[PDB]
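Engineer: This is the structure, below, for whatever I ask next.
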Amino acid sequence: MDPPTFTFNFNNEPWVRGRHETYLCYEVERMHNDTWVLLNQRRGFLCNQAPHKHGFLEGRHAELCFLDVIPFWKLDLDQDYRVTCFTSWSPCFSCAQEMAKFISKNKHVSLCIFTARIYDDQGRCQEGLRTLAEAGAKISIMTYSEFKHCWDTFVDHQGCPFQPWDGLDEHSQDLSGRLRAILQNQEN
Ligand SMILES: [Zn+2]
């Protein structure tokens, strides 16, 4: 892990050059009712690009890979599991359907996804976002404070301190307004 490894992916603001880049960072934790074990010491990353070794990209979603990663770890249903995924983009329609059904098959795992920015892939898909909030695990806008936590865990700040600002958080407040509308329509 490099000190700016997390900042590099988040510093993709300029990536708007006509190329599509996806960066996903996630962590896994084991929790027991008697005690809680934090495997934060280890971490991993997922990309939405298909494997280069087979040749040209064949098609792989970064968010979809994480959902398949849980079942690959053969997690125990009798043991509590807490998994968090850090991503900054909207999920593909195929991922929305899998995210809702996935939790239905595993409600014993606490899954939380933070999106720095949310863009609607298509219109009339507002219903998918509402369902995604209910079954698409818990989703919230990443705040600078939350970013600081990922900064220490994903990168060894030892010797390399991160200086956070309330600039990105200001944009999140406006984004929360649009997202609030989706949650505001939460019919009782
Ligand atoms: Zn997908």
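Cβ placement follows ideal geometry from the backbone for every residue including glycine, while neighbour counts extend to all protein chains displayed. Values in this text are rule-based calculations from the coordinates and carry no lab data.
Engineer: Would you compute, from DSSP H runs of 4+ residues alone, the mean residue ellipticity of the chain at 222 nm, taking -39500 (n - 2.57) per run and dividing by the full residue count, rounded to the nearest 500?
Structural biologist: That calculation yields -11500 deg cm²/dmol at 222 nm.
Engineer: Tell me, what does the Kirkwood hydrodynamic radius of the chain come to in angstroms if you use every pair of distinct C-alpha atoms?
Structural biologist: Every distinct Cα pair counted, the radius reaches 18.0 Å.
Engineer: Antiparallel versus total DSSP beta bridges in the chain: what percent is that, nearest 5?
Structural biologist: So the antiparallel bridges amount to about 55 percent of the total.
Engineer: Another one. Could you give the length gained by full extension between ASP34 and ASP121, i.e. 0.36 nm per residue of separation minus their alpha carbon distance, to one decimal place?
Structural biologist: Gain in length upon complete extension: 27.0 nm.
Engineer: Rg(Cα) of segment 64-145 divided by 2.2 N^0.38 Å?
Structural biologist: Cα Rg divided by the expected 2.2 N^0.38 Å: 1.10.
Engineer: Under the rule that an exposed site lies in a DSSP loop and has at most 12 other Cβ atoms within 10 Å, name the longest stretch of the chain with no trypsin sites (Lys or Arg not before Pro) of that kind, not counting the sites themselves.
Structural biologist: Here the longest segment lacking exposed loop sites spans 125-188.
Engineer: Please find, in a Gaussian network model of the chain (springs between Cα atoms separated by less than 10 Å), the residue of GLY128, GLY167, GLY136 whose mean-square fluctuation is greatest.
Structural biologist: Maximum fluctuation in the GNM of the chain, among the listed residues, is at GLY167.
Engineer: Largest first, please: the extent of the C-alpha atoms of segment 1-66 along each principal axis, to the nearest Å.
Structural biologist: 50, 27, 17
Engineer: Still on this structure, please answer the following. Determine the relative contact order of the chain: mean sequence separation of Cα pairs under 8 Å and six or more apart, normalised by residue count, in whole percent.
Structural biologist: Normalised by residue count, the contact order of the chain is 21 percent.
Engineer: Cross-link partners among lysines for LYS148, C-alpha distance below 27 Å, same-chain residues fewer than 8 apart left out?
Structural biologist: Within reach: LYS138.
Engineer: Right, here's the next one. Which longest run of the chain has no exposed loop site in it, a site being GluC sites (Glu not before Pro) in a DSSP loop with at most 14 other beta carbons within 10 Å, and the site itself not part of the run?
Structural biologist: Between exposed loop sites, the widest span is 59-186.
Engineer: Roughly speaking, what is the centre-to-centre gap between segment 5-78 and segment 120-175 when only Cα atoms are used, to the nearest Å?
Structural biologist: For segment 5-78 versus segment 120-175, the Cα centre distance is 15 Å.
Engineer: Something else about it: What are the chymotrypsin sites (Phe, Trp or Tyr not before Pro) within segment 102-177 that DSSP puts in a loop, where the Cβ has at most 11 other Cβ atoms within 10 Å?
Structural biologist: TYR119, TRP165
Engineer: Further question on the same structure: Please give the FRET efficiency for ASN12 paired with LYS107, using the beta carbon to beta carbon distance and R0 = 41 Å, rounded to the nearest 0.05.
Structural biologist: Working from the Cβ atoms, E equals 0.75.
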